[PDB]
Amino acid sequence: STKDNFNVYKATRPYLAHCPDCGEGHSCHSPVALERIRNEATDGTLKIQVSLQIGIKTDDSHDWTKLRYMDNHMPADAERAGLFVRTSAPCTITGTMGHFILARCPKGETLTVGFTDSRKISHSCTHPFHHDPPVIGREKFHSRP
Amino acid sequence: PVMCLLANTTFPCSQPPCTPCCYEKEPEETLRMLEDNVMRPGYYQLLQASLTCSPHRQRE
Amino acid sequence: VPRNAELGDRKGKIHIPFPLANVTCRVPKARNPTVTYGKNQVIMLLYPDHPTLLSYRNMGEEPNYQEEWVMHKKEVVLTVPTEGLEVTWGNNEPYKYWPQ
Amino acid sequence: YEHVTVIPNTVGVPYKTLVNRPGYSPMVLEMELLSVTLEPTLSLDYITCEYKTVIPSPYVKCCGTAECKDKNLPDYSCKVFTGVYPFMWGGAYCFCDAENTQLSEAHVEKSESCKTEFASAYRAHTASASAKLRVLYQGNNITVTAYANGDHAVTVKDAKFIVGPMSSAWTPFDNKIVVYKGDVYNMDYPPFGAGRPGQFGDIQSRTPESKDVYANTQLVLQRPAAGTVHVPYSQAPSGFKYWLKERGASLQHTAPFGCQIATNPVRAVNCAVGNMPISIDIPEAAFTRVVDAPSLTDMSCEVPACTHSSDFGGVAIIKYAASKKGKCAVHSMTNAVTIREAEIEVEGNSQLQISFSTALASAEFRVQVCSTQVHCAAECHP
Amino acid sequence: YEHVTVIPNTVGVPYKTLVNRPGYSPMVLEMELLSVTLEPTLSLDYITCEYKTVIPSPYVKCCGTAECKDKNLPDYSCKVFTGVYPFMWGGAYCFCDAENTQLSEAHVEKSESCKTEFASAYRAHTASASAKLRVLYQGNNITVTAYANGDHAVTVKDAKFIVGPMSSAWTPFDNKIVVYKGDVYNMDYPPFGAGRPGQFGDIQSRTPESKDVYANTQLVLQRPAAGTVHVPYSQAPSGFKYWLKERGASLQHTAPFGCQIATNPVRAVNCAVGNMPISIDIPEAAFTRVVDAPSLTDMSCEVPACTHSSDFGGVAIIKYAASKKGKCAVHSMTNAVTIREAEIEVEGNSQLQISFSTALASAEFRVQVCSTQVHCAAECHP
């Protein structure tokens with residue numbers, strides 16, 4: 001019995017959507033298009049939503065080392081290691097699942113999410129986003145105690 | 001008892017008539033049924049049952 | 001992405017990972033400064049390792065709340081009234097001062 | 001016997017009170033205010049949080065004209081754009097060159113964060129004053145928690161306590177207050193349905209569970225870019241996010257009289273303002289008759305060491321002639337001097353050592369040991 | 001165009017207001033207050049109800065001495081009775097003739113009834129005034145619900161309404177109130193921990209779900225009857241049961257200005273006190289230019305029937321000569337006379353019938369139909 005195998009990803013799919021900057025300021029139909037950046041977390045954690053699906057393969061199976069994106073008409077598999085998040089400098093990715101990414105980012109004015117496909121071709125999406133998280137408490141510190 | 005809707009009928013949300021593998025059998029029909037129950041309190045009970053696949057031609 | 005022309009306002013909903021939740025954040029407490037005294041006056045030698053917020057108020061009718069972010073080595077001269085003075089240095093518990 | 005005294009409304013200061021019931025040996029009671037709580041009655045007007053701009057997929061009607069309809073949703077915006085020709089990866093989305101329309105629609109509702117990240121707008125009225133008092137009664141510390149209204153009678157070990165009424169009716173809270181987690185702010189917040197864009201109250205929800213919300217975010221839909229499927233818009237940024245950085249210091253930091261501010265429930269703790277009357281109805285059994293106790297005569301006082309400070313910097317040696325052995329209460333008859341000892345054991349022609357606190361450089365005070373007074377002359381140093 | 005008027009704060013009375021925008025045909029608006037709600041902000045201090053005296057089976061220690069221990073329970077009472085010899089149906093319960101003790105114990109807690117039968121003690125502060133207004137606007141009745149603070153702008157059919165501020169800040173509610181089901185009482189209730197035996201507050205619970213309660217019921221355990229197993233006691237009867245019969249008439253019956261009192265939420269409805277200013281920003285489209293409106297000439301008025309009363313006891317027939325067909329506003333130019341009709345349809349050389357109300361026996365008044373005035377002479381009967 002596989003009565004506990006509820007997989008919502010069998011019904012859903014990664015997609016191509018508008019991105020204003022796919023690199024060098026030019027717009028494209030991006031397989032890593034930025035949908036929404038959430039910054040309600042006072043600890044500074046960013047909840048990022050993209051057009052692709054992380055941790056899912058084309059056959060709908062769950063694999064944390066894999067990523068699925070829309071390649072022209074059909075979805076294709078890509079490596080999780082190739083996925084990156086950056087503002088003014090690289091971000092620390094804390095969690096990935098489906099359309100969602102958790103990231104700890106340094107101060108910036110833009111937000112970029114990208115990956116490397118099967119053909120070794122890099123794909124990225126840049127959106128203007130002011131990131132300067134407020135101080136937790138009364139001391140501006142760097143590392144977590 | 002939590003009730004869901006399918007055309008002219010009412011049924012228990014956790015028990016749609018398409019079971020097992022609702023989506024594998026009829027993908028369009030399953031999604032249409034789920035869309036019709038989006039406002040129903042037992043929508044997530046229906047989503048769980050419709051997107052679960054434990055086929056007959058299997059040992060476990 | 002454009003809406004499907006054939007179907008109307010037809011939609012479904014799915015649960016998402018990583019929801020927002022209330023937790024606890026651990027913050028460091030700045031080292032206690034070197035404190036010297038004078039007539040209705042308190043002198044603190046602040047040595048911050050990172051930007052540290054210094055705040056103070058009189059414990060009487062006129063609190064006169066003042067605040068400043070201390071970036072580096074700074075000596076602070078504060079007047080302690082008869083009613084008393086409350087000083088908060090970063091994440092430390094407030095220090096209270098009274099004249100003898 | 002009812003003993004009535006008045007102490008300043010200051011927490012962490014032990015006060016000595018001399019109970020003198022006629023024909024009974026003097027009794028010294030130490031009283032210390034542990035906490036003074038001012039809890040106002042709150043009435044929730046609304047809650048505010050970060051808003052969410054709900055934008056579904058735009059309706060691109062190929063070879064036709066789309067129609068906007070009035071939807072009863074907060075900040076509902078609808079616009080039909082003519083002469084559109086959008087493109088997808090594999091080419092043009094529409095068959096027609098001209099006569100294609102894009103229906104852009106949007107509305108405002110509470111963000112997913114509203115359950116976790118929110119500020120509550122309360123109407124604060126007539127606070128009930130409460131006090132926690134430590135009493136050194138019969139060599140033991142007793143705790144009395146009572147409303148400081150001068151009516152609430154609290155009985156601990158047969159001693160009836162009536163605390164207050166407070167000399168000052170002062171509160172650090174105004175008529176309208178705003179609460180965010182552990183912080184309280186005095187704010188004349190906008191009423192429900194009067195919130196401004198990009199300011200506190202741009203989105204207003206009467207309760208956190210409320211389905212319908214008020215929204216005034218200045219949401220305006222814009223014409224999409226040439227050959228692009230998207231819903232561009234102009235909107236004033238989150239008023240709650242703006243308030244979080246513009247709020248300034250909370251009441252815990254700005255309030256006069258050294259007020260400590262706590263939440264769950266919202267209360268003012270240890271506001272050092274005015275004085276507090278104390279009524280203690282001490283039972284019959286607690287007292288010892290003068291005859292049951294000792295009679296003191298030929299009393300003399302010497303101060304070999306004194307320093308005028310906040311603590312007991314003074315030392316006094318009192319010589320006496322006691323009629324019999326027993327326990328005697330020690331109390332200062334001068335309010336400018338306070339004694340550490342509340343009770344000492346006496347026996348015949350002997351001497352006692354007490355610790356005293358004073359702010360005076362030249363301290364002249366009277367010490368009552370049992371029912372006899374002795375004058376102490378002290379030259380206290382800085 | 002902003003039309004500003006002031007009406008008395010009286011519900012169920014239709015008032016006629018003449019809107020005269022320069023260069024535009026006069027407009028008559030009928031306004032009626034449907035309800036005026038005064039809802040105070042409540043802060044629950046505690047709840048009270050019938051108490052329950054919990055008495056378990058007494059501990060009858062045969063051939064031994066039982067020992068009482070201090071239990072942290074409300075009104076905890078414990079007493080050990082010596083020299084007991086209790087009997088059951090089949091004889092003596094104890095083997096020993098002497099040296100048997102009975103430990104009687106009791107405590108007070110909330111009764112099972114406390115969820116159903118209870119009174120709530122609230123701290124009531126600064127009430128928010130709200131008004132429901134019926135406006136006869138463009139031949140249709142529109143309902144406007146707004147806060148009577150003179151700030152809350154409510155737009156219905158493009159007409160912006162600003163109600164208040166109220167001329168009177170009067171409220172039938174005091175600082176401290178008590179609520180029982182559908183009844184509200186002005187009561188200076190005892191604070192928490194200050195309740196007296198046999199009176200309102202003998203038992204006090206901060207919330208209805210609260211595990212720990214305050215109790216002062218004067219519970220005293222008595223020595224059991226000879227050879228009898230029972231726990232006799234003396235206690236002051238239920239303070240809540242006593243208050244239920246001693247409360248008197250509620251605010252719904254005692255409040256001045258004909259106040260109606262409702263619960264869930266606690267509010268004062270239709271308190272006939274002071275006046276209420278009304279601001280109406282009538283849109284451009286609602287108005288008709290004088291030139292675009294019919295012109296009336298050769299006007300005459302006849303009153304065939306009149307009775308001077310509170311209602312429309314007068315009948316008037318007005319003859320006219322209209323330049324064109326259209327709608328004309330009807331208004332009394334004399335404040336001592338009021339007309340039921342706000343708008344009538346005119347056409348050439350015809351006549352109109354109106355209903356009027358007056359207190360005068362000899363009523364001489366002017367009626368403005370569109371932009372022309374006509375004098376009416378009326379002999380009204382008692």
# chains A, B, ... in the order shown; residues from 1 in each chain; ligands from 1
>>> interface_residues(of="chain A", to="chain D", cutoff="10 Å", atoms="only C-alpha atoms", output="tab-separated table (two decimals) with C-alpha atoms, in the first residue's frame")
chain	number	residue	atom	x	y	z
A	16	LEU	CA	8.05	29.86	-18.30
A	17	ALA	CA	7.05	33.43	-17.31
A	18	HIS	CA	8.11	37.07	-17.89
A	19	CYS	CA	11.34	38.31	-16.25
A	20	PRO	CA	12.45	41.97	-16.79
A	27	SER	CA	13.86	40.67	-20.73
A	28	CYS	CA	13.02	37.00	-21.57
A	29	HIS	CA	10.53	34.11	-21.09
A	30	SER	CA	12.43	32.74	-18.06
A	38	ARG	CA	8.45	37.75	0.99
A	39	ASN	CA	10.34	39.53	3.82
A	40	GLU	CA	7.92	39.44	6.80
A	41	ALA	CA	10.43	37.41	8.90
A	42	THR	CA	12.11	39.76	11.42
A	72	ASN	CA	10.62	25.02	-24.27
A	73	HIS	CA	7.44	22.79	-24.36
A	134	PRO	CA	16.20	45.59	10.41
>>> select_by_dssp(residues="region 136-276 of chain E", states="helix (DSSP H, G or I)", output="VMD selection string")
chain E and resid 239 to 246 251 to 254
>>> residues_around(residues="region 56-66 of chain C", least_positions_apart="3", cutoff="12 Å", atoms="only C-alpha atoms", output="PyMOL selection string")
(chain C and resi 42+53+69+76-90+94-98) or (chain D and resi 10+170-172+248-260+270-274)
>>> residues_around(residues="region 16-25 of chain C", least_positions_apart="4", cutoff="12 Å", atoms="only C-alpha atoms", output="ChimeraX atom specification")
/A:8-9,38-49,53-55,94-103,135-137,144-145 /D:111-118,181
>>> select_by_dssp(residues="region 37-132 of chain A", states="strand (DSSP E or B)", output="compact mmCIF listing (two decimals) with N, CA, C and O atoms, in the first residue's frame")
# COMPACT_ATOMS: atom_id res chain seq x y z
N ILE A 37 8.74 37.98 -3.66
CA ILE A 37 9.76 37.92 -2.61
C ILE A 37 9.09 38.37 -1.31
O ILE A 37 8.57 39.49 -1.24
N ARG A 38 9.05 37.48 -0.31
CA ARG A 38 8.45 37.75 0.99
C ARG A 38 9.54 38.02 2.03
O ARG A 38 10.51 37.26 2.12
N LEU A 46 14.47 35.49 3.76
CA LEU A 46 13.65 35.81 2.59
C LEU A 46 12.98 34.56 2.06
O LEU A 46 13.65 33.53 1.90
N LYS A 47 11.67 34.63 1.79
CA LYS A 47 10.91 33.53 1.20
C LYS A 47 10.67 33.93 -0.25
O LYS A 47 9.89 34.85 -0.54
N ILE A 48 11.41 33.30 -1.16
CA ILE A 48 11.40 33.60 -2.59
C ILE A 48 10.58 32.58 -3.38
O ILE A 48 10.73 31.38 -3.17
N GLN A 49 9.71 33.07 -4.30
CA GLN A 49 8.89 32.22 -5.17
C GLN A 49 9.34 32.36 -6.62
O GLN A 49 9.38 33.47 -7.16
N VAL A 50 9.67 31.22 -7.26
CA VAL A 50 10.13 31.14 -8.65
C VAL A 50 9.22 30.26 -9.53
O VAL A 50 8.39 29.52 -9.00
N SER A 51 9.37 30.35 -10.87
CA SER A 51 8.57 29.59 -11.83
C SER A 51 8.94 28.09 -11.91
O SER A 51 8.11 27.29 -12.33
N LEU A 52 10.18 27.72 -11.50
CA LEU A 52 10.63 26.32 -11.50
C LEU A 52 10.29 25.60 -10.19
O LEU A 52 9.83 26.24 -9.24
N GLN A 53 10.51 24.27 -10.14
CA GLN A 53 10.24 23.44 -8.96
C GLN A 53 11.48 22.66 -8.52
O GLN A 53 11.98 21.82 -9.26
N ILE A 54 11.98 22.96 -7.30
CA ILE A 54 13.17 22.35 -6.70
C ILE A 54 12.80 21.12 -5.87
O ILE A 54 11.78 21.12 -5.17
N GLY A 55 13.65 20.09 -5.93
CA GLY A 55 13.47 18.85 -5.19
C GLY A 55 12.54 17.85 -5.83
O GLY A 55 12.22 16.83 -5.22
N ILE A 56 12.07 18.14 -7.06
CA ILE A 56 11.15 17.30 -7.82
C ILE A 56 11.74 17.00 -9.19
O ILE A 56 12.28 17.89 -9.84
N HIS A 62 10.33 12.73 -5.65
CA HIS A 62 11.05 13.68 -4.81
C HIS A 62 12.53 13.31 -4.70
O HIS A 62 12.86 12.18 -4.34
N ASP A 63 13.40 14.26 -5.05
CA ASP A 63 14.86 14.11 -5.02
C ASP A 63 15.47 15.49 -4.75
O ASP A 63 15.44 16.35 -5.63
N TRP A 64 16.00 15.69 -3.52
CA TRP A 64 16.59 16.95 -3.08
C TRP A 64 17.80 17.42 -3.91
O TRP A 64 18.05 18.62 -3.97
N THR A 65 18.51 16.48 -4.58
CA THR A 65 19.68 16.78 -5.42
C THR A 65 19.26 17.25 -6.82
O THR A 65 20.11 17.69 -7.60
N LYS A 66 17.95 17.17 -7.13
CA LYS A 66 17.42 17.54 -8.44
C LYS A 66 16.50 18.77 -8.41
O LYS A 66 16.07 19.22 -7.35
N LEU A 67 16.24 19.32 -9.61
CA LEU A 67 15.42 20.50 -9.86
C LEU A 67 14.73 20.31 -11.21
O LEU A 67 15.37 19.84 -12.15
N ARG A 68 13.45 20.69 -11.32
CA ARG A 68 12.73 20.65 -12.60
C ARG A 68 12.28 22.03 -13.05
O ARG A 68 11.75 22.81 -12.25
N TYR A 69 12.55 22.35 -14.31
CA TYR A 69 12.25 23.63 -14.95
C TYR A 69 11.60 23.38 -16.32
O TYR A 69 11.79 22.30 -16.89
N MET A 70 10.87 24.37 -16.86
CA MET A 70 10.24 24.23 -18.17
C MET A 70 11.26 24.51 -19.28
O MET A 70 11.79 25.62 -19.37
N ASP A 71 11.56 23.48 -20.10
CA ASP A 71 12.49 23.57 -21.23
C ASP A 71 11.65 23.57 -22.51
O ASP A 71 11.19 22.51 -22.95
N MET A 74 8.45 21.07 -22.92
CA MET A 74 8.48 20.01 -21.91
C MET A 74 9.38 20.30 -20.69
O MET A 74 10.49 20.81 -20.88
N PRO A 75 8.97 19.89 -19.46
CA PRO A 75 9.86 20.09 -18.30
C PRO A 75 11.10 19.21 -18.37
O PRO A 75 11.03 18.08 -18.88
N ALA A 76 12.24 19.71 -17.87
CA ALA A 76 13.52 18.99 -17.87
C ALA A 76 14.19 19.00 -16.50
O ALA A 76 13.92 19.89 -15.68
N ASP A 77 15.07 18.02 -16.24
CA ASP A 77 15.81 17.90 -14.99
C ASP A 77 17.11 18.70 -14.99
O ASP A 77 17.78 18.79 -16.02
N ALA A 78 17.45 19.27 -13.83
CA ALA A 78 18.66 20.05 -13.58
C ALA A 78 19.17 19.79 -12.16
O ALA A 78 18.41 19.31 -11.32
N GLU A 79 20.45 20.09 -11.90
CA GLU A 79 21.07 19.87 -10.59
C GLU A 79 20.73 20.97 -9.59
O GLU A 79 20.65 22.14 -9.96
N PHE A 84 21.48 29.06 -7.45
CA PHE A 84 22.09 30.15 -6.70
C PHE A 84 21.12 31.32 -6.49
O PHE A 84 20.24 31.55 -7.32
N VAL A 85 21.31 32.05 -5.38
CA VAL A 85 20.54 33.25 -5.02
C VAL A 85 21.57 34.33 -4.67
O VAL A 85 22.55 34.03 -3.98
N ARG A 86 21.38 35.56 -5.18
CA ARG A 86 22.27 36.68 -4.91
C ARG A 86 21.58 38.05 -4.93
O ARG A 86 20.60 38.24 -5.65
N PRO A 90 26.63 36.85 -3.18
CA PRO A 90 25.87 35.60 -2.99
C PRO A 90 25.12 35.44 -1.66
O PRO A 90 25.58 35.93 -0.63
N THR A 92 22.99 32.86 1.26
CA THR A 92 23.06 31.55 1.89
C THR A 92 21.67 30.93 1.77
O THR A 92 20.72 31.44 2.37
N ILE A 93 21.53 29.87 0.96
CA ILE A 93 20.25 29.19 0.78
C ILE A 93 20.03 28.25 1.98
O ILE A 93 20.85 27.36 2.21
N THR A 94 18.96 28.50 2.75
CA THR A 94 18.64 27.73 3.95
C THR A 94 17.62 26.59 3.75
O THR A 94 17.57 25.67 4.56
N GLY A 95 16.84 26.67 2.68
CA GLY A 95 15.83 25.67 2.35
C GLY A 95 15.25 25.82 0.96
O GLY A 95 15.09 26.95 0.47
N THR A 96 14.95 24.69 0.31
CA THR A 96 14.37 24.61 -1.04
C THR A 96 13.35 23.48 -1.14
O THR A 96 13.63 22.36 -0.72
N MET A 97 12.17 23.78 -1.72
CA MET A 97 11.07 22.85 -1.95
C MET A 97 10.06 23.48 -2.92
O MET A 97 9.47 24.51 -2.60
N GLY A 98 9.90 22.84 -4.08
CA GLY A 98 9.00 23.29 -5.15
C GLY A 98 9.35 24.66 -5.68
O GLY A 98 10.52 24.93 -5.99
N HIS A 99 8.36 25.56 -5.74
CA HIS A 99 8.53 26.93 -6.21
C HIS A 99 9.21 27.85 -5.18
O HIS A 99 9.46 29.02 -5.49
N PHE A 100 9.53 27.33 -3.98
CA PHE A 100 10.06 28.14 -2.88
C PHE A 100 11.50 27.94 -2.45
O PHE A 100 11.99 26.81 -2.38
N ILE A 101 12.17 29.07 -2.15
CA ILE A 101 13.56 29.16 -1.69
C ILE A 101 13.63 30.04 -0.44
O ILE A 101 13.04 31.13 -0.41
N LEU A 102 14.37 29.57 0.57
CA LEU A 102 14.65 30.32 1.78
C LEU A 102 16.10 30.78 1.68
O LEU A 102 16.97 29.96 1.40
N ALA A 103 16.34 32.08 1.86
CA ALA A 103 17.70 32.62 1.74
C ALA A 103 18.03 33.74 2.72
O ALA A 103 17.18 34.58 3.02
N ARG A 104 19.28 33.75 3.20
CA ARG A 104 19.85 34.77 4.07
C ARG A 104 20.77 35.57 3.15
O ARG A 104 21.77 35.04 2.66
N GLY A 108 21.37 44.75 -0.31
CA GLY A 108 21.32 44.93 -1.76
C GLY A 108 20.15 45.74 -2.27
O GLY A 108 19.26 46.13 -1.51
N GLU A 109 20.14 45.98 -3.60
CA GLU A 109 19.11 46.75 -4.29
C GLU A 109 18.37 45.91 -5.35
O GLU A 109 17.32 46.33 -5.85
N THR A 110 18.91 44.72 -5.66
CA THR A 110 18.34 43.76 -6.62
C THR A 110 18.36 42.35 -6.01
O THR A 110 19.08 42.11 -5.04
N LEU A 111 17.57 41.43 -6.57
CA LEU A 111 17.54 40.03 -6.15
C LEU A 111 17.58 39.15 -7.39
O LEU A 111 16.75 39.31 -8.29
N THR A 112 18.57 38.25 -7.45
CA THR A 112 18.79 37.34 -8.57
C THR A 112 18.69 35.89 -8.13
O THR A 112 19.29 35.50 -7.12
N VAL A 113 17.94 35.08 -8.90
CA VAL A 113 17.79 33.64 -8.69
C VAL A 113 18.13 32.98 -10.03
O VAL A 113 17.58 33.36 -11.07
N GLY A 114 19.05 32.03 -9.99
CA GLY A 114 19.49 31.32 -11.18
C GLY A 114 19.84 29.86 -10.98
O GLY A 114 19.81 29.36 -9.86
N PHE A 115 20.16 29.18 -12.10
CA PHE A 115 20.53 27.76 -12.15
C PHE A 115 21.26 27.44 -13.47
O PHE A 115 21.27 28.26 -14.39
N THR A 116 21.85 26.24 -13.55
CA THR A 116 22.54 25.74 -14.74
C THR A 116 21.78 24.52 -15.25
O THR A 116 21.55 23.57 -14.50
N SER A 122 23.58 28.66 -18.30
CA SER A 122 23.11 29.36 -17.11
C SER A 122 21.87 30.21 -17.41
O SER A 122 21.82 30.88 -18.44
N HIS A 123 20.88 30.15 -16.51
CA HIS A 123 19.63 30.91 -16.60
C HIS A 123 19.43 31.66 -15.29
O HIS A 123 19.52 31.04 -14.23
N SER A 124 19.18 32.97 -15.35
CA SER A 124 18.97 33.79 -14.16
C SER A 124 17.87 34.84 -14.36
O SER A 124 17.57 35.21 -15.49
N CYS A 125 17.26 35.29 -13.25
CA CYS A 125 16.21 36.31 -13.26
C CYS A 125 16.49 37.36 -12.19
O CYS A 125 16.60 37.02 -11.01
N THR A 126 16.61 38.63 -12.60
CA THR A 126 16.90 39.76 -11.72
C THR A 126 15.71 40.71 -11.61
O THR A 126 15.18 41.17 -12.63
N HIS A 127 15.31 41.01 -10.37
CA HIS A 127 14.21 41.92 -10.03
C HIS A 127 14.71 43.00 -9.07
O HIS A 127 15.51 42.68 -8.17
N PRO A 128 14.25 44.27 -9.19
CA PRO A 128 14.67 45.28 -8.21
C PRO A 128 14.01 45.00 -6.86
O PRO A 128 12.78 44.87 -6.78
N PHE A 129 14.82 44.82 -5.82
CA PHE A 129 14.35 44.52 -4.47
C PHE A 129 15.30 45.11 -3.44
O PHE A 129 16.45 44.70 -3.36
N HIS A 130 14.80 46.07 -2.64
CA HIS A 130 15.61 46.69 -1.59
C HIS A 130 15.68 45.78 -0.38
O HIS A 130 14.68 45.56 0.31
N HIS A 131 16.87 45.20 -0.14
CA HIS A 131 17.11 44.32 0.98
C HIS A 131 18.13 44.93 1.93
O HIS A 131 19.28 45.13 1.56
>>> residues_around(residues="residue 210 (chain E)", least_positions_apart="5", cutoff="12 Å", atoms="only C-alpha atoms", output="JSON, numbers by chain")
{"E": [46, 47, 48, 109, 110, 114, 115, 204, 205]}
>>> closest_residue(among="B:1, B:35, B:51, B:56", to="residue 23 (chain B)", atoms="only C-alpha atoms")
B:51
>>> interface_residues(of="chain A", to="chain B", cutoff="9 Å", atoms="only C-alpha atoms", output="PDB file with N, CA, C and O atoms, in the first residue's frame")
ATOM      1  N   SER A   1       0.833  -1.197   0.000  1.00  0.00           N
ATOM      2  CA  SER A   1       0.000   0.000   0.000  1.00  0.00           C
ATOM      3  C   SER A   1       0.869   1.249   0.000  1.00  0.00           C
ATOM      4  O   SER A   1       1.810   1.354   0.792  1.00  0.00           O
ATOM      5  N   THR A   2       0.543   2.197  -0.889  1.00  0.00           N
ATOM      6  CA  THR A   2       1.217   3.495  -0.979  1.00  0.00           C
ATOM      7  C   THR A   2       0.180   4.595  -0.696  1.00  0.00           C
ATOM      8  O   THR A   2       0.182   5.642  -1.335  1.00  0.00           O
ATOM      9  N   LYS A   3      -0.705   4.343   0.292  1.00  0.00           N
ATOM     10  CA  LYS A   3      -1.786   5.243   0.716  1.00  0.00           C
ATOM     11  C   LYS A   3      -1.314   6.594   1.286  1.00  0.00           C
ATOM     12  O   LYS A   3      -2.130   7.507   1.434  1.00  0.00           O
ATOM     13  N   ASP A   4      -0.013   6.712   1.623  1.00  0.00           N
ATOM     14  CA  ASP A   4       0.583   7.933   2.173  1.00  0.00           C
ATOM     15  C   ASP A   4       1.475   8.652   1.142  1.00  0.00           C
ATOM     16  O   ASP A   4       2.219   9.566   1.509  1.00  0.00           O
ATOM     17  N   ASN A   5       1.374   8.261  -0.151  1.00  0.00           N
ATOM     18  CA  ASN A   5       2.176   8.841  -1.234  1.00  0.00           C
ATOM     19  C   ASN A   5       1.587  10.105  -1.896  1.00  0.00           C
ATOM     20  O   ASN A   5       1.921  10.399  -3.051  1.00  0.00           O
ATOM     21  N   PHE A   6       0.738  10.868  -1.158  1.00  0.00           N
ATOM     22  CA  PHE A   6       0.139  12.115  -1.655  1.00  0.00           C
ATOM     23  C   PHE A   6       1.235  13.026  -2.192  1.00  0.00           C
ATOM     24  O   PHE A   6       2.119  13.449  -1.446  1.00  0.00           O
ATOM     25  N   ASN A   7       1.213  13.246  -3.508  1.00  0.00           N
ATOM     26  CA  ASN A   7       2.195  14.066  -4.202  1.00  0.00           C
ATOM     27  C   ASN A   7       1.468  15.077  -5.071  1.00  0.00           C
ATOM     28  O   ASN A   7       0.972  14.737  -6.144  1.00  0.00           O
ATOM     29  N   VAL A   8       1.398  16.327  -4.589  1.00  0.00           N
ATOM     30  CA  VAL A   8       0.738  17.439  -5.273  1.00  0.00           C
ATOM     31  C   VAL A   8       1.424  17.798  -6.607  1.00  0.00           C
ATOM     32  O   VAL A   8       0.768  18.299  -7.525  1.00  0.00           O
ATOM     33  N   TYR A   9       2.728  17.488  -6.720  1.00  0.00           N
ATOM     34  CA  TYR A   9       3.573  17.757  -7.885  1.00  0.00           C
ATOM     35  C   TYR A   9       3.237  16.920  -9.117  1.00  0.00           C
ATOM     36  O   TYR A   9       3.732  17.218 -10.206  1.00  0.00           O
ATOM     37  N   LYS A  10       2.375  15.895  -8.963  1.00  0.00           N
ATOM     38  CA  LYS A  10       1.915  15.072 -10.077  1.00  0.00           C
ATOM     39  C   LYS A  10       0.916  15.879 -10.929  1.00  0.00           C
ATOM     40  O   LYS A  10       0.855  15.691 -12.145  1.00  0.00           O
ATOM     41  N   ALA A  11       0.183  16.815 -10.284  1.00  0.00           N
ATOM     42  CA  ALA A  11      -0.813  17.694 -10.897  1.00  0.00           C
ATOM     43  C   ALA A  11      -0.213  19.029 -11.346  1.00  0.00           C
ATOM     44  O   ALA A  11      -0.683  19.600 -12.331  1.00  0.00           O
TER      45      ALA A  11
END
>>> residues_around(residues="region 6-16 of chain B", least_positions_apart="6", cutoff="10 Å", atoms="only C-alpha atoms", output="ChimeraX atom specification")
/B:22,30,32-34,36-37,40-50
>>> interface_residues(of="chain C", to="chain B", cutoff="8 Å", atoms="only C-alpha atoms", output="ChimeraX atom specification")
/C:10-13
>>> closest_residue(among="C:46, C:27, C:54, C:70", to="chain D", atoms="only C-alpha atoms")
C:54
>>> atom_distance(atom1="CA of residue 277 (chain D)", atom2="CA of residue 12 (chain D)")
16.7 Å
>>> atom_distance(atom1="CA of residue 35 (chain E)", atom2="CA of residue 169 (chain E)")
16.6 Å
>>> closest_residue(among="A:36, A:107, A:138, A:57", to="chain C", atoms="only C-alpha atoms")
A:138
>>> residues_around(residues="residue 72 (chain E)", least_positions_apart="2", cutoff="12 Å", atoms="only C-alpha atoms", output="list in words")
residues 69, 70, 74, 75, 76, 77, 78, 106, 107, 108, 212, 213, 214 and 215 of chain E
>>> write_last_selection(atoms="C-alpha atoms", output="PDB file, in the first residue's frame")
ATOM      1  CA  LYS E  69      -2.570  20.412  56.492  1.00  0.00           C
ATOM      2  CA  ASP E  70      -2.624  23.855  54.792  1.00  0.00           C
ATOM      3  CA  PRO E  74     -10.199  28.964  47.974  1.00  0.00           C
ATOM      4  CA  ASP E  75     -11.823  29.277  51.467  1.00  0.00           C
ATOM      5  CA  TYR E  76      -9.978  26.100  52.610  1.00  0.00           C
ATOM      6  CA  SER E  77     -11.281  24.986  56.010  1.00  0.00           C
ATOM      7  CA  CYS E  78      -9.958  22.045  58.079  1.00  0.00           C
ATOM      8  CA  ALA E 106     -14.025  21.865  52.765  1.00  0.00           C
ATOM      9  CA  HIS E 107     -13.150  24.392  50.026  1.00  0.00           C
ATOM     10  CA  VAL E 108     -15.010  26.749  47.654  1.00  0.00           C
ATOM     11  CA  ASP E 212      -8.126  29.309  40.428  1.00  0.00           C
ATOM     12  CA  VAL E 213     -10.864  31.515  41.968  1.00  0.00           C
ATOM     13  CA  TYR E 214     -11.119  34.018  44.854  1.00  0.00           C
ATOM     14  CA  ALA E 215     -13.568  33.103  47.650  1.00  0.00           C
TER      15      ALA E 215
END
